[PDB]
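What follows is coords.tsv (TSV, N, CA and C atoms and all ligand atoms).
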chain	number	residue	atom	x	y	z
D	1	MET	N	-23.22	-23.83	4.04
D	1	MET	CA	-22.47	-24.74	4.95
D	1	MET	C	-23.46	-25.69	5.64
D	2	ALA	N	-22.96	-26.73	6.26
D	2	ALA	CA	-23.86	-27.69	6.95
D	2	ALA	C	-24.91	-28.21	5.96
D	3	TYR	N	-25.44	-29.38	6.22
D	3	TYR	CA	-26.47	-29.94	5.29
D	3	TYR	C	-27.49	-28.86	4.95
D	4	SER	N	-28.21	-28.38	5.92
D	4	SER	CA	-29.23	-27.32	5.65
D	4	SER	C	-28.70	-26.37	4.58
D	5	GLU	N	-29.39	-26.25	3.48
D	5	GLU	CA	-28.92	-25.34	2.40
D	5	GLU	C	-30.10	-24.50	1.90
D	6	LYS	N	-30.85	-23.92	2.79
D	6	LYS	CA	-32.01	-23.10	2.36
D	6	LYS	C	-31.87	-21.68	2.92
D	7	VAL	N	-30.86	-21.45	3.71
D	7	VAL	CA	-30.66	-20.09	4.29
D	7	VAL	C	-29.72	-19.29	3.40
D	8	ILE	N	-29.01	-18.35	3.96
D	8	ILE	CA	-28.07	-17.53	3.14
D	8	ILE	C	-28.77	-17.11	1.84
D	9	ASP	N	-29.25	-15.91	1.78
D	9	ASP	CA	-29.95	-15.45	0.54
D	9	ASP	C	-29.31	-14.14	0.06
D	10	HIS	N	-28.01	-14.06	0.05
D	10	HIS	CA	-27.34	-12.81	-0.41
D	10	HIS	C	-25.98	-13.15	-1.01
D	11	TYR	N	-25.67	-14.41	-1.13
D	11	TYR	CA	-24.35	-14.81	-1.71
D	11	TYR	C	-23.23	-14.22	-0.85
D	12	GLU	N	-22.29	-15.04	-0.45
D	12	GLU	CA	-21.17	-14.53	0.39
D	12	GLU	C	-20.52	-13.33	-0.29
D	13	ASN	N	-20.92	-12.14	0.07
D	13	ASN	CA	-20.32	-10.93	-0.57
D	13	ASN	C	-19.45	-10.20	0.46
D	14	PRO	N	-18.38	-9.60	0.01
D	14	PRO	CA	-17.44	-8.85	0.91
D	14	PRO	C	-18.05	-7.54	1.41
D	15	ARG	N	-17.74	-7.15	2.61
D	15	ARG	CA	-18.30	-5.88	3.15
D	15	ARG	C	-17.18	-5.06	3.78
D	16	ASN	N	-16.00	-5.13	3.23
D	16	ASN	CA	-14.87	-4.34	3.80
D	16	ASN	C	-14.14	-3.62	2.66
D	17	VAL	N	-13.03	-2.99	2.96
D	17	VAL	CA	-12.28	-2.27	1.89
D	17	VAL	C	-10.93	-2.94	1.67
D	18	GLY	N	-9.86	-2.23	1.88
D	18	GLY	CA	-8.51	-2.83	1.67
D	18	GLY	C	-7.79	-2.94	3.02
D	19	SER	N	-8.45	-2.59	4.09
D	19	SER	CA	-7.80	-2.68	5.43
D	19	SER	C	-8.58	-3.64	6.31
D	20	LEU	N	-7.99	-4.09	7.39
D	20	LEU	CA	-8.70	-5.03	8.30
D	20	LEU	C	-9.62	-4.25	9.23
D	21	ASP	N	-9.06	-3.44	10.09
D	21	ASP	CA	-9.90	-2.64	11.02
D	21	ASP	C	-9.31	-1.24	11.18
D	22	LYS	N	-8.50	-0.82	10.24
D	22	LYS	CA	-7.89	0.53	10.33
D	22	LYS	C	-7.25	0.70	11.71
D	23	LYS	N	-7.15	-0.36	12.46
D	23	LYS	CA	-6.54	-0.27	13.81
D	23	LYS	C	-5.02	-0.16	13.68
D	24	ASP	N	-4.52	-0.09	12.47
D	24	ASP	CA	-3.05	0.03	12.28
D	24	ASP	C	-2.36	-1.17	12.93
D	25	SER	N	-1.18	-0.98	13.46
D	25	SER	CA	-0.46	-2.11	14.11
D	25	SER	C	0.02	-3.09	13.04
D	26	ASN	N	-0.38	-2.90	11.81
D	26	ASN	CA	0.06	-3.82	10.73
D	26	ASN	C	-0.58	-3.40	9.40
D	27	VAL	N	-0.84	-2.14	9.23
D	27	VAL	CA	-1.46	-1.67	7.95
D	27	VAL	C	-0.99	-0.25	7.64
D	28	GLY	N	0.03	-0.12	6.84
D	28	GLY	CA	0.54	1.24	6.50
D	28	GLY	C	-0.31	1.83	5.37
D	29	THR	N	-0.85	3.00	5.56
D	29	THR	CA	-1.69	3.62	4.50
D	29	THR	C	-0.98	4.85	3.94
D	30	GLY	N	-1.13	5.10	2.66
D	30	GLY	CA	-0.47	6.29	2.06
D	30	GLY	C	-1.29	6.79	0.87
D	31	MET	N	-1.63	8.05	0.86
D	31	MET	CA	-2.43	8.60	-0.27
D	31	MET	C	-1.81	9.91	-0.74
D	32	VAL	N	-1.03	9.87	-1.79
D	32	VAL	CA	-0.39	11.12	-2.29
D	32	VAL	C	-1.06	11.56	-3.60
D	33	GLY	N	-0.74	12.73	-4.07
D	33	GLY	CA	-1.36	13.21	-5.34
D	33	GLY	C	-0.31	13.97	-6.16
D	34	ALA	N	-0.53	14.11	-7.43
D	34	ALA	CA	0.47	14.84	-8.28
D	34	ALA	C	-0.25	15.92	-9.09
D	35	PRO	N	-0.30	17.12	-8.58
D	35	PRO	CA	-0.96	18.26	-9.27
D	35	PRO	C	-0.52	18.39	-10.73
D	36	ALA	N	0.56	17.75	-11.09
D	36	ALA	CA	1.05	17.83	-12.49
D	36	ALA	C	0.13	17.01	-13.40
D	37	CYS	N	-0.02	15.75	-13.11
D	37	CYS	CA	-0.90	14.89	-13.95
D	37	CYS	C	-2.25	14.71	-13.25
D	38	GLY	N	-2.57	15.57	-12.33
D	38	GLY	CA	-3.87	15.44	-11.61
D	38	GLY	C	-4.20	13.96	-11.41
D	39	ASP	N	-3.34	13.24	-10.75
D	39	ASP	CA	-3.60	11.79	-10.52
D	39	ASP	C	-3.44	11.47	-9.04
D	40	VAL	N	-4.41	10.81	-8.46
D	40	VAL	CA	-4.32	10.47	-7.01
D	40	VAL	C	-3.83	9.02	-6.87
D	41	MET	N	-2.74	8.81	-6.18
D	41	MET	CA	-2.22	7.43	-6.02
D	41	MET	C	-2.43	6.97	-4.57
D	42	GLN	N	-3.24	5.96	-4.38
D	42	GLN	CA	-3.49	5.46	-3.00
D	42	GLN	C	-2.86	4.07	-2.84
D	43	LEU	N	-1.86	3.96	-2.01
D	43	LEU	CA	-1.20	2.64	-1.81
D	43	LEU	C	-1.65	2.04	-0.48
D	44	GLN	N	-1.63	0.73	-0.37
D	44	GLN	CA	-2.06	0.09	0.91
D	44	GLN	C	-1.19	-1.14	1.18
D	45	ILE	N	-0.36	-1.09	2.18
D	45	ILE	CA	0.50	-2.26	2.50
D	45	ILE	C	-0.09	-3.03	3.67
D	46	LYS	N	0.06	-4.33	3.69
D	46	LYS	CA	-0.50	-5.14	4.81
D	46	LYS	C	0.57	-6.08	5.35
D	47	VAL	N	0.87	-6.00	6.62
D	47	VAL	CA	1.91	-6.90	7.20
D	47	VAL	C	1.24	-7.91	8.14
D	48	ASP	N	1.70	-9.13	8.13
D	48	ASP	CA	1.10	-10.16	9.02
D	48	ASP	C	1.94	-11.44	8.95
D	49	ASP	N	2.45	-11.77	7.80
D	49	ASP	CA	3.27	-13.00	7.67
D	49	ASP	C	4.52	-12.87	8.54
D	50	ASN	N	4.36	-12.43	9.75
D	50	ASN	CA	5.53	-12.28	10.66
D	50	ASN	C	6.30	-11.00	10.30
D	51	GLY	N	5.61	-9.90	10.21
D	51	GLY	CA	6.30	-8.62	9.87
D	51	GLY	C	6.47	-8.51	8.35
D	52	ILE	N	6.13	-9.55	7.63
D	52	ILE	CA	6.27	-9.50	6.15
D	52	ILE	C	4.98	-8.97	5.53
D	53	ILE	N	5.06	-8.43	4.34
D	53	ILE	CA	3.83	-7.90	3.68
D	53	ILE	C	2.96	-9.06	3.20
D	54	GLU	N	2.01	-9.47	4.00
D	54	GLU	CA	1.13	-10.60	3.59
D	54	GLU	C	0.40	-10.24	2.29
D	55	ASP	N	0.23	-8.97	2.03
D	55	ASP	CA	-0.47	-8.56	0.78
D	55	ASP	C	-0.31	-7.05	0.58
D	56	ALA	N	-0.67	-6.57	-0.58
D	56	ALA	CA	-0.54	-5.11	-0.85
D	56	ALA	C	-1.56	-4.70	-1.91
D	57	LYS	N	-2.31	-3.65	-1.67
D	57	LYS	CA	-3.31	-3.21	-2.67
D	57	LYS	C	-2.88	-1.89	-3.29
D	58	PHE	N	-3.46	-1.53	-4.41
D	58	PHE	CA	-3.08	-0.25	-5.07
D	58	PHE	C	-4.33	0.40	-5.66
D	59	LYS	N	-4.24	1.65	-6.04
D	59	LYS	CA	-5.43	2.33	-6.63
D	59	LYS	C	-5.01	3.70	-7.17
D	60	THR	N	-4.83	3.81	-8.46
D	60	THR	CA	-4.42	5.12	-9.04
D	60	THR	C	-4.88	5.21	-10.49
D	61	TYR	N	-5.29	6.37	-10.93
D	61	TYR	CA	-5.75	6.51	-12.34
D	61	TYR	C	-5.74	7.99	-12.73
D	62	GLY	N	-5.23	8.31	-13.89
D	62	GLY	CA	-5.19	9.73	-14.32
D	62	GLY	C	-4.08	9.93	-15.35
D	63	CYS	N	-2.88	9.52	-15.03
D	63	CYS	CA	-1.76	9.69	-15.99
D	63	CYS	C	-1.84	8.61	-17.07
D	64	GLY	N	-1.07	8.75	-18.12
D	64	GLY	CA	-1.11	7.73	-19.21
D	64	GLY	C	0.10	6.80	-19.08
D	65	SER	N	0.46	6.45	-17.87
D	65	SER	CA	1.63	5.55	-17.68
D	65	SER	C	1.64	5.03	-16.24
D	66	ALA	N	1.46	5.90	-15.29
D	66	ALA	CA	1.46	5.46	-13.86
D	66	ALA	C	0.54	4.24	-13.71
D	67	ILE	N	-0.56	4.22	-14.41
D	67	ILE	CA	-1.49	3.06	-14.30
D	67	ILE	C	-0.70	1.76	-14.41
D	68	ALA	N	0.49	1.81	-14.95
D	68	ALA	CA	1.30	0.57	-15.07
D	68	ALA	C	2.27	0.47	-13.89
D	69	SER	N	2.84	1.58	-13.49
D	69	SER	CA	3.79	1.55	-12.34
D	69	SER	C	3.13	0.84	-11.16
D	70	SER	N	1.86	1.06	-10.96
D	70	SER	CA	1.16	0.39	-9.82
D	70	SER	C	1.27	-1.13	-9.97
D	71	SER	N	1.17	-1.62	-11.18
D	71	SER	CA	1.28	-3.09	-11.39
D	71	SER	C	2.67	-3.57	-10.99
D	72	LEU	N	3.69	-2.83	-11.34
D	72	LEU	CA	5.07	-3.25	-10.97
D	72	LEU	C	5.25	-3.19	-9.45
D	73	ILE	N	5.35	-2.02	-8.90
D	73	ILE	CA	5.53	-1.89	-7.43
D	73	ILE	C	4.60	-2.86	-6.70
D	74	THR	N	3.48	-3.18	-7.29
D	74	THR	CA	2.53	-4.12	-6.62
D	74	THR	C	3.03	-5.56	-6.77
D	75	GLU	N	3.53	-5.91	-7.93
D	75	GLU	CA	4.03	-7.30	-8.13
D	75	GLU	C	5.47	-7.40	-7.61
D	76	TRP	N	5.99	-6.34	-7.07
D	76	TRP	CA	7.39	-6.38	-6.55
D	76	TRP	C	7.38	-6.30	-5.02
D	77	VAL	N	6.40	-5.64	-4.45
D	77	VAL	CA	6.35	-5.53	-2.97
D	77	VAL	C	5.19	-6.38	-2.43
D	78	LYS	N	5.10	-7.61	-2.83
D	78	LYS	CA	4.00	-8.48	-2.33
D	78	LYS	C	4.59	-9.73	-1.68
D	79	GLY	N	4.58	-9.79	-0.38
D	79	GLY	CA	5.15	-10.99	0.31
D	79	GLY	C	6.62	-10.74	0.65
D	80	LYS	N	7.10	-9.55	0.42
D	80	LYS	CA	8.52	-9.24	0.72
D	80	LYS	C	8.61	-8.53	2.07
D	81	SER	N	9.81	-8.27	2.54
D	81	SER	CA	9.96	-7.58	3.85
D	81	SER	C	9.96	-6.06	3.63
D	82	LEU	N	9.58	-5.31	4.62
D	82	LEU	CA	9.56	-3.83	4.47
D	82	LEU	C	10.98	-3.33	4.19
D	83	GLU	N	11.97	-4.11	4.52
D	83	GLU	CA	13.37	-3.67	4.27
D	83	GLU	C	13.60	-3.53	2.77
D	84	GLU	N	12.91	-4.30	1.98
D	84	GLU	CA	13.08	-4.21	0.50
D	84	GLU	C	12.08	-3.21	-0.07
D	85	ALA	N	10.90	-3.16	0.48
D	85	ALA	CA	9.88	-2.20	-0.03
D	85	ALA	C	10.31	-0.77	0.29
D	86	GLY	N	10.90	-0.56	1.44
D	86	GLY	CA	11.34	0.81	1.81
D	86	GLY	C	12.81	0.99	1.41
D	87	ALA	N	13.11	0.81	0.15
D	87	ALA	CA	14.52	0.97	-0.31
D	87	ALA	C	14.53	1.12	-1.83
D	88	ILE	N	13.64	0.45	-2.50
D	88	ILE	CA	13.59	0.55	-3.98
D	88	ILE	C	13.70	2.02	-4.40
D	89	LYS	N	13.54	2.92	-3.47
D	89	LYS	CA	13.64	4.37	-3.81
D	89	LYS	C	12.82	4.64	-5.08
D	90	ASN	N	12.89	5.84	-5.59
D	90	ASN	CA	12.11	6.16	-6.82
D	90	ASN	C	13.01	6.04	-8.05
D	91	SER	N	14.29	6.18	-7.88
D	91	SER	CA	15.22	6.08	-9.04
D	91	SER	C	15.28	4.63	-9.53
D	92	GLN	N	15.02	3.69	-8.67
D	92	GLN	CA	15.07	2.26	-9.09
D	92	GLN	C	13.86	1.94	-9.98
D	93	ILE	N	12.68	2.00	-9.44
D	93	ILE	CA	11.47	1.70	-10.25
D	93	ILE	C	11.52	2.50	-11.56
D	94	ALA	N	11.98	3.72	-11.50
D	94	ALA	CA	12.05	4.54	-12.74
D	94	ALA	C	12.94	3.84	-13.77
D	95	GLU	N	14.09	3.37	-13.35
D	95	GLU	CA	15.00	2.68	-14.30
D	95	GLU	C	14.34	1.39	-14.79
D	96	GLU	N	13.49	0.81	-13.99
D	96	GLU	CA	12.82	-0.45	-14.41
D	96	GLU	C	11.79	-0.14	-15.51
D	97	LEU	N	11.24	1.05	-15.49
D	97	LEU	CA	10.24	1.41	-16.53
D	97	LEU	C	10.94	2.12	-17.69
D	98	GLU	N	11.93	2.92	-17.40
D	98	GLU	CA	12.66	3.63	-18.49
D	98	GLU	C	11.74	4.70	-19.10
D	99	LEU	N	11.33	5.66	-18.33
D	99	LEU	CA	10.44	6.72	-18.87
D	99	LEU	C	11.13	8.09	-18.72
D	100	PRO	N	10.85	8.99	-19.62
D	100	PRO	CA	11.43	10.36	-19.61
D	100	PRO	C	11.52	10.94	-18.19
D	101	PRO	N	12.39	11.90	-18.00
D	101	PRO	CA	12.58	12.55	-16.68
D	101	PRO	C	11.40	13.46	-16.30
D	102	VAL	N	11.02	14.34	-17.19
D	102	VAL	CA	9.87	15.25	-16.89
D	102	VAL	C	8.63	14.41	-16.57
D	103	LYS	N	8.74	13.11	-16.67
D	103	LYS	CA	7.57	12.25	-16.37
D	103	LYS	C	7.87	11.38	-15.14
D	104	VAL	N	8.93	11.69	-14.44
D	104	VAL	CA	9.28	10.89	-13.24
D	104	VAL	C	8.42	11.33	-12.05
D	105	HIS	N	7.57	12.31	-12.25
D	105	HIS	CA	6.70	12.78	-11.14
D	105	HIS	C	5.87	11.60	-10.62
D	106	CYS	N	5.36	10.79	-11.51
D	106	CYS	CA	4.54	9.62	-11.07
D	106	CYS	C	5.42	8.67	-10.25
D	107	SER	N	6.59	8.36	-10.74
D	107	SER	CA	7.49	7.44	-10.00
D	107	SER	C	7.73	7.99	-8.59
D	108	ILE	N	8.03	9.26	-8.48
D	108	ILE	CA	8.28	9.85	-7.14
D	108	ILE	C	7.10	9.53	-6.22
D	109	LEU	N	5.89	9.69	-6.71
D	109	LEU	CA	4.70	9.40	-5.86
D	109	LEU	C	4.75	7.94	-5.41
D	110	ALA	N	5.02	7.04	-6.31
D	110	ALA	CA	5.08	5.60	-5.92
D	110	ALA	C	6.03	5.43	-4.73
D	111	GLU	N	7.24	5.91	-4.85
D	111	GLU	CA	8.21	5.78	-3.73
D	111	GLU	C	7.67	6.51	-2.50
D	112	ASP	N	7.38	7.78	-2.64
D	112	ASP	CA	6.85	8.56	-1.48
D	112	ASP	C	5.66	7.82	-0.86
D	113	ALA	N	5.08	6.90	-1.59
D	113	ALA	CA	3.91	6.15	-1.04
D	113	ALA	C	4.41	5.05	-0.10
D	114	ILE	N	5.30	4.22	-0.57
D	114	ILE	CA	5.82	3.12	0.29
D	114	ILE	C	6.43	3.71	1.56
D	115	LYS	N	6.95	4.90	1.48
D	115	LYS	CA	7.57	5.54	2.68
D	115	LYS	C	6.46	6.05	3.61
D	116	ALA	N	5.46	6.68	3.06
D	116	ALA	CA	4.35	7.21	3.91
D	116	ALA	C	3.62	6.05	4.59
D	117	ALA	N	3.44	4.96	3.89
D	117	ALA	CA	2.73	3.80	4.49
D	117	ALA	C	3.57	3.24	5.65
D	118	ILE	N	4.83	3.02	5.43
D	118	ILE	CA	5.69	2.47	6.52
D	118	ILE	C	5.75	3.48	7.67
D	119	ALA	N	5.94	4.74	7.37
D	119	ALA	CA	6.01	5.76	8.45
D	119	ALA	C	4.69	5.76	9.23
D	120	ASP	N	3.59	5.62	8.54
D	120	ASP	CA	2.27	5.61	9.25
D	120	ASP	C	2.13	4.31	10.03
D	121	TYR	N	2.70	3.24	9.54
D	121	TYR	CA	2.60	1.94	10.26
D	121	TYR	C	3.44	2.01	11.54
D	122	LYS	N	4.59	2.63	11.48
D	122	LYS	CA	5.45	2.72	12.69
D	122	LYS	C	4.91	3.80	13.63
D	123	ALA	N	4.09	4.68	13.12
D	123	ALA	CA	3.53	5.76	13.98
D	123	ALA	C	2.72	5.13	15.12
D	124	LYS	N	2.13	3.99	14.88
D	124	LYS	CA	1.32	3.33	15.95
D	124	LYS	C	2.14	2.20	16.58
D	125	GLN	N	3.44	2.23	16.43
D	125	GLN	CA	4.28	1.16	17.02
D	125	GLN	C	4.59	1.50	18.48
D	126	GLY	N	4.86	2.74	18.77
D	126	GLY	CA	5.17	3.13	20.18
D	126	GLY	C	6.60	3.65	20.26
D	127	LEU	N	7.14	4.12	19.17
D	127	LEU	CA	8.54	4.64	19.19
D	127	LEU	C	8.53	6.13	19.50
D	128	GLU	N	7.49	6.61	20.14
D	128	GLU	CA	7.43	8.06	20.46
D	128	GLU	C	8.07	8.32	21.83
D	129	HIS	N	8.74	9.43	21.98
D	129	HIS	CA	9.39	9.73	23.29
D	129	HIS	C	9.40	11.25	23.51
D	130	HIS	N	8.76	11.71	24.54
D	130	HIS	CA	8.73	13.18	24.81
D	130	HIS	C	8.51	13.92	23.49
D	131	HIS	N	7.29	14.28	23.20
D	131	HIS	CA	7.01	15.00	21.93
D	131	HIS	C	7.96	16.19	21.80
D	132	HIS	N	8.62	16.33	20.68
D	132	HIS	CA	9.56	17.46	20.49
D	132	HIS	C	8.87	18.77	20.88
D	133	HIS	N	9.60	19.85	20.90
D	133	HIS	CA	8.99	21.16	21.27
D	133	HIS	C	9.92	22.30	20.85
D	134	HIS	N	9.41	23.50	20.78
D	134	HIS	CA	10.26	24.65	20.37
D	134	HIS	C	9.54	25.96	20.70
D	201	ZN	ZN	1.99	11.83	-14.01

Could you take the file, read its structure, and then write that structure out as structure tokens?
Ligand SMILES: [Zn+2]
Amino acid sequence: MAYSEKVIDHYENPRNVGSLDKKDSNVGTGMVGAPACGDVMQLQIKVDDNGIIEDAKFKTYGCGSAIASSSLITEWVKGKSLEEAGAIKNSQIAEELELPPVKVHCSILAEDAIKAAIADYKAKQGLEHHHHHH
């Protein structure tokens, strides 16, 4: 930047992960696993476009099919409202892929992920009232 062009000797490289400051308030995180296909699915939703998902990251590998489900749910919940991301349920994405039932375990994780991320995002919203007790 600026005329002077002899400084900067490391190339603008990124030094963060998939979250801004883990301060929540706009970043639902969810990491589930499926002991069946020994596959860990880590989803990451980001809200900022006015409560809308400004972006969404994914990360899963192990099964011989889920590696694709991440591409769908990712290209379907990007820039949309949480009202649509927290509704696709698992039976919907499954019908979009059309895969055997005994193999719907991966789809369940995908859905359980969008729900865990939203639930974790609202956990830091302030909707808590008198912690339950028993
Ligand atoms: Zn699987």

Between chain D and ligand ZN 201 (chain D), at 10 Å or less, what are the per-residue closest atom pairs and their distances in Å? Count only C-alpha atoms and all ligand atoms, order by chain and rising residue number, and return it as CSV.
residue,atom,partner,partner_atom,distance
D:33,CA,D:ZN201,ZN,9.4
D:34,CA,D:ZN201,ZN,6.6
D:35,CA,D:ZN201,ZN,8.5
D:36,CA,D:ZN201,ZN,6.3
D:37,CA,D:ZN201,ZN,4.2
D:38,CA,D:ZN201,ZN,7.3
D:39,CA,D:ZN201,ZN,6.6
D:40,CA,D:ZN201,ZN,9.5
D:61,CA,D:ZN201,ZN,9.5
D:62,CA,D:ZN201,ZN,7.5
D:63,CA,D:ZN201,ZN,4.8
D:64,CA,D:ZN201,ZN,7.3
D:65,CA,D:ZN201,ZN,7.3
D:66,CA,D:ZN201,ZN,6.4
D:67,CA,D:ZN201,ZN,9.4
D:102,CA,D:ZN201,ZN,9.1
D:103,CA,D:ZN201,ZN,6.1
D:104,CA,D:ZN201,ZN,7.4
D:105,CA,D:ZN201,ZN,5.6
D:106,CA,D:ZN201,ZN,4.5
D:107,CA,D:ZN201,ZN,8.1
D:108,CA,D:ZN201,ZN,9.5
D:109,CA,D:ZN201,ZN,8.9

Same residues, N, CA and C atoms, output as a compact mmCIF listing (two decimals), in the frame of the given file:
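So part_6.txt came out as:
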# COMPACT_ATOMS: atom_id res chain seq x y z
N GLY D 33 -0.74 12.73 -4.07
CA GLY D 33 -1.36 13.21 -5.34
C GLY D 33 -0.31 13.97 -6.16
N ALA D 34 -0.53 14.11 -7.43
CA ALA D 34 0.47 14.84 -8.28
C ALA D 34 -0.25 15.92 -9.09
N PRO D 35 -0.30 17.12 -8.58
CA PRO D 35 -0.96 18.26 -9.27
C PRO D 35 -0.52 18.39 -10.73
N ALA D 36 0.56 17.75 -11.09
CA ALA D 36 1.05 17.83 -12.49
C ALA D 36 0.13 17.01 -13.40
N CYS D 37 -0.02 15.75 -13.11
CA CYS D 37 -0.90 14.89 -13.95
C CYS D 37 -2.25 14.71 -13.25
N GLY D 38 -2.57 15.57 -12.33
CA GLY D 38 -3.87 15.44 -11.61
C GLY D 38 -4.20 13.96 -11.41
N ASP D 39 -3.34 13.24 -10.75
CA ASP D 39 -3.60 11.79 -10.52
C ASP D 39 -3.44 11.47 -9.04
N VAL D 40 -4.41 10.81 -8.46
CA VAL D 40 -4.32 10.47 -7.01
C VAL D 40 -3.83 9.02 -6.87
N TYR D 61 -5.29 6.37 -10.93
CA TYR D 61 -5.75 6.51 -12.34
C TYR D 61 -5.74 7.99 -12.73
N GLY D 62 -5.23 8.31 -13.89
CA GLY D 62 -5.19 9.73 -14.32
C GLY D 62 -4.08 9.93 -15.35
N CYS D 63 -2.88 9.52 -15.03
CA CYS D 63 -1.76 9.69 -15.99
C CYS D 63 -1.84 8.61 -17.07
N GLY D 64 -1.07 8.75 -18.12
CA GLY D 64 -1.11 7.73 -19.21
C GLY D 64 0.10 6.80 -19.08
N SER D 65 0.46 6.45 -17.87
CA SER D 65 1.63 5.55 -17.68
C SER D 65 1.64 5.03 -16.24
N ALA D 66 1.46 5.90 -15.29
CA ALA D 66 1.46 5.46 -13.86
C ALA D 66 0.54 4.24 -13.71
N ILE D 67 -0.56 4.22 -14.41
CA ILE D 67 -1.49 3.06 -14.30
C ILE D 67 -0.70 1.76 -14.41
N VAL D 102 11.02 14.34 -17.19
CA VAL D 102 9.87 15.25 -16.89
C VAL D 102 8.63 14.41 -16.57
N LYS D 103 8.74 13.11 -16.67
CA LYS D 103 7.57 12.25 -16.37
C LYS D 103 7.87 11.38 -15.14
N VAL D 104 8.93 11.69 -14.44
CA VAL D 104 9.28 10.89 -13.24
C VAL D 104 8.42 11.33 -12.05
N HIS D 105 7.57 12.31 -12.25
CA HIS D 105 6.70 12.78 -11.14
C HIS D 105 5.87 11.60 -10.62
N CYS D 106 5.36 10.79 -11.51
CA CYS D 106 4.54 9.62 -11.07
C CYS D 106 5.42 8.67 -10.25
N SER D 107 6.59 8.36 -10.74
CA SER D 107 7.49 7.44 -10.00
C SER D 107 7.73 7.99 -8.59
N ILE D 108 8.03 9.26 -8.48
CA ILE D 108 8.28 9.85 -7.14
C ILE D 108 7.10 9.53 -6.22
N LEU D 109 5.89 9.69 -6.71
CA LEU D 109 4.70 9.40 -5.86
C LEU D 109 4.75 7.94 -5.41

Any idea what's packed within 8 Å of region 116-124 of chain D, counting all atoms listed in the file, ignoring anything in its chain fewer than 4 positions away? Could you give it as a PyMOL selection string? chain D and resi 23-31+43-45+82+86+110-112+128

I'd like to know which residues of region 15-131 of chain D are strand (DSSP E or B) (by DSSP, run on the backbone); could you write them as a VMD selection string? chain D and resid 27 to 34 39 to 47 52 to 61 81

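Taking CA of residue 8 (chain D) and CA of residue 21 (chain D) as endpoints, the distance between them is 24.8 Å.
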
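Here atom N of residue 55 (chain D) is placed at a distance of 15.1 Å from CA of residue 70 (chain D).
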
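For the atom pair formed by atom N of residue 80 (chain D) and atom C of residue 53 (chain D), the distance is 5.0 Å, given to one decimal.
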
DSSP on the backbone: what in chain D comes out alpha helix (DSSP H), as JSON, numbers by chain? {"D": [66, 67, 68, 69, 70, 71, 72, 73, 74, 75, 76, 82, 83, 84, 85, 89, 90, 91, 92, 93, 94, 95, 96, 97, 105, 106, 107, 108, 109, 110, 111, 112, 113, 114, 115, 116, 117, 118, 119, 120, 121, 122, 123]}

Nearest candidate to residue 115 (chain D) (options D:87, D:72, D:7, D:41; using only C-alpha atoms): D:87

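Comparing D:130, D:113, D:58, D:85 by their smallest distance to residue 71 (chain D), the closest is D:58 (using all atoms listed in the file).
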
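Using only C-alpha atoms, the smallest distance between any of D:78, D:22, D:15, D:129 and residue 52 (chain D) comes from D:78.
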
Could you model N, CA, C and O atoms for region 33-42 of chain D and present them as an mmCIF file, keeping the file's coordinate frame?
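Printed below is part_18.cif as written:
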data_model
loop_
_atom_site.group_PDB
_atom_site.id
_atom_site.type_symbol
_atom_site.label_atom_id
_atom_site.label_comp_id
_atom_site.auth_asym_id
_atom_site.auth_seq_id
_atom_site.Cartn_x
_atom_site.Cartn_y
_atom_site.Cartn_z
ATOM 1 N N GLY D 33 -0.740 12.730 -4.070
ATOM 2 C CA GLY D 33 -1.360 13.210 -5.340
ATOM 3 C C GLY D 33 -0.310 13.970 -6.160
ATOM 4 O O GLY D 33 0.694 14.412 -5.633
ATOM 5 N N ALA D 34 -0.530 14.110 -7.430
ATOM 6 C CA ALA D 34 0.470 14.840 -8.280
ATOM 7 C C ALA D 34 -0.250 15.920 -9.090
ATOM 8 O O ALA D 34 -0.739 15.665 -10.175
ATOM 9 N N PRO D 35 -0.300 17.120 -8.580
ATOM 10 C CA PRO D 35 -0.960 18.260 -9.270
ATOM 11 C C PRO D 35 -0.520 18.390 -10.730
ATOM 12 O O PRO D 35 -1.141 19.063 -11.523
ATOM 13 N N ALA D 36 0.560 17.750 -11.090
ATOM 14 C CA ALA D 36 1.050 17.830 -12.490
ATOM 15 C C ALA D 36 0.130 17.010 -13.400
ATOM 16 O O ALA D 36 -0.432 17.516 -14.349
ATOM 17 N N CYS D 37 -0.020 15.750 -13.110
ATOM 18 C CA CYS D 37 -0.900 14.890 -13.950
ATOM 19 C C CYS D 37 -2.250 14.710 -13.250
ATOM 20 O O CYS D 37 -2.995 13.796 -13.550
ATOM 21 N N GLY D 38 -2.570 15.570 -12.330
ATOM 22 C CA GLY D 38 -3.870 15.440 -11.610
ATOM 23 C C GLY D 38 -4.200 13.960 -11.410
ATOM 24 O O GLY D 38 -5.224 13.478 -11.851
ATOM 25 N N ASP D 39 -3.340 13.240 -10.750
ATOM 26 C CA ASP D 39 -3.600 11.790 -10.520
ATOM 27 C C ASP D 39 -3.440 11.470 -9.040
ATOM 28 O O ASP D 39 -2.454 11.810 -8.418
ATOM 29 N N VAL D 40 -4.410 10.810 -8.460
ATOM 30 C CA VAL D 40 -4.320 10.470 -7.010
ATOM 31 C C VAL D 40 -3.830 9.020 -6.870
ATOM 32 O O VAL D 40 -4.437 8.101 -7.384
ATOM 33 N N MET D 41 -2.740 8.810 -6.180
ATOM 34 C CA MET D 41 -2.220 7.430 -6.020
ATOM 35 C C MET D 41 -2.430 6.970 -4.570
ATOM 36 O O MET D 41 -1.873 7.512 -3.646
ATOM 37 N N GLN D 42 -3.240 5.960 -4.380
ATOM 38 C CA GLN D 42 -3.490 5.460 -3.000
ATOM 39 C C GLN D 42 -2.860 4.070 -2.840
ATOM 40 O O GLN D 42 -3.274 3.116 -3.462
#
